[PDB]
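Bear in mind these aren't lab numbers, they're just calculated from the coordinates by the rules spelled out. Note: ideal-geometry Cβ built from the backbone for every residue, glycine included; neighbour counts use all protein chains shown.
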Number of protein chains: 2
Amino acid sequence: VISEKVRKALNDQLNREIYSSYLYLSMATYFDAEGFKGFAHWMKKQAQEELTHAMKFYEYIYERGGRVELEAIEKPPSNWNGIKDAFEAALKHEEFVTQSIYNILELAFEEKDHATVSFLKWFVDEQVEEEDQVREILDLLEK
Amino acid sequence: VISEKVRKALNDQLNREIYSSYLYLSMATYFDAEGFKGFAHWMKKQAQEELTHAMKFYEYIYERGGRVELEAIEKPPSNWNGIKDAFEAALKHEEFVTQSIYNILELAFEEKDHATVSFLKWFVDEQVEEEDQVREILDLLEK
């Protein structure tokens, strides 16, 4: 009942959320190496959140009668130039994930897949809240 | 306080548990595609267990004053020739993970790293219980 085009787009995004989880876990390995246990805990929490996002995509794909194919996960960076540098990389990364989702929203609109449109709008709300949260952390730390 | 040799071996194993989680999630995608929701649920549970194993390795590495480096995760198989074929692949995979851990145990013994020896013995107990559990499932299903 979902086209292969939307199913591929949602599977691509599932794999994107897996990498996002893995990237935040990698930022935690850097924070934990530098002794920033609280920032590392923030990243581990975010890594878990991204994995719960991936599994929401997982179950939606199967609910719409499609299948999930897991792809290779690229090695993430493991070092940044300080706390602020890591969080700016997170913000840039989230902005990319927000763009990726809007492109699925656009495809869903073009195919009049109104169930996918309503499914994705939760993720648009969540990622803007995520982007705002990283911006608030960066603002808190400035200079 | 852990040698680089043991730290590398434990980091290698951390990444091995990440792939194990990802492989069990991949078996779930196959079971879920075939409508075997109960076997898929077994695999998703196992995938979570393997990820909790990886994070036990994560925190132990940092407790012993080392650092974690995350590596690329290879694409897992996504199809098997039936339920039994998938579970035999799981058993073979677990036996490989059990061998990998015994090789760390051996290295820890050679370096008289008695803290690593006691840390790993929990994983040897768990993976034998895991192997036995897959054997019990295969025996239950035979013919």
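Can you confirm whether segment A:72-83 contains a residue that is surrounded by 16 or more Cβ atoms within 10 Å (Cβ to Cβ), touching a strand residue (DSSP E or B) at 6+ places or on another chain (Cβ under 7 Å) and in contact (Cβ under 8 Å) with a residue 24 or more places away in the chain?
Yes, some residue in segment A:72-83 is surrounded by 16 or more Cβ atoms within 10 Å (Cβ to Cβ), touching a strand residue (DSSP E or B) at 6+ places or on another chain (Cβ under 7 Å) and in contact (Cβ under 8 Å) with a residue 24 or more places away in the chain.
Only one of B:96, B:31 is part of a helix (DSSP H, G or I) and within 21 Å of residue B:15 (Cα to Cα). Can you tell me which?
When all the criteria are applied, what remains is B:96.
Would you check if residue B:33 is at the interface with chain A (Cβ under 7 Å from one of its Cβ atoms) and surrounded by fewer than 16 Cβ atoms within 10 Å (Cβ to Cβ)?
On the way: at the interface with chain A (Cβ under 7 Å from one of its Cβ atoms): yes; surrounded by fewer than 16 Cβ atoms within 10 Å (Cβ to Cβ): no.
No.
Among the residues of segment A:104-121, how many are under 26 Å from residue A:25 (Cα atoms) and in contact (Cβ under 8 Å) with a residue 60 or more places away in the chain?
Count: 1.
Name the single residue, out of those in segment A:111-143 being under 14 Å from the mean Cα position of the chain (by Cα) and aliphatic (A, V, I, L, M), that is nearest to residue A:56 (Cα to Cα).
A:120
Can you find even one residue in segment A:121-129 that is over 27 Å from residue B:74 (Cα atoms), polar (S, T, N, Q) and assigned to a helix (DSSP H, G or I)?
Scanning segment A:121-129 turns up at least one residue that is over 27 Å from residue B:74 (Cα atoms), polar (S, T, N, Q) and assigned to a helix (DSSP H, G or I).
Looking at segment B:61-97, which of the residues that are within 14 Å of chain A (Cβ to nearest Cβ) and among the aliphatic types (A, V, I, L, M) is nearest to residue B:115 (Cα to Cα)?
Looking at the filtered set, the residue picked out is B:61.
Considering segment A:36-60 alone, what residues qualify as being farther than 15 Å from residue A:130 by Cα, facing chain B (nearest Cβ under 10 Å) and not hydroxyl-bearing (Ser, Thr, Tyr)?
A:37, A:40, A:54, A:55, A:59
Could you please give the count of residues in segment A:52-77 that are at negative phi and not in a helix (DSSP H, G or I)?
The total comes to 13.
Checking residue B:23 against (1) of a type outside the set (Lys, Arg); (2) within 11 Å of another protein chain (Cβ to nearest Cβ); (3) in a helix (DSSP H, G or I); (4) without any contact (Cβ under 8 Å) to a residue 60 or more places away in the chain, which single condition isn't satisfied?
(4)
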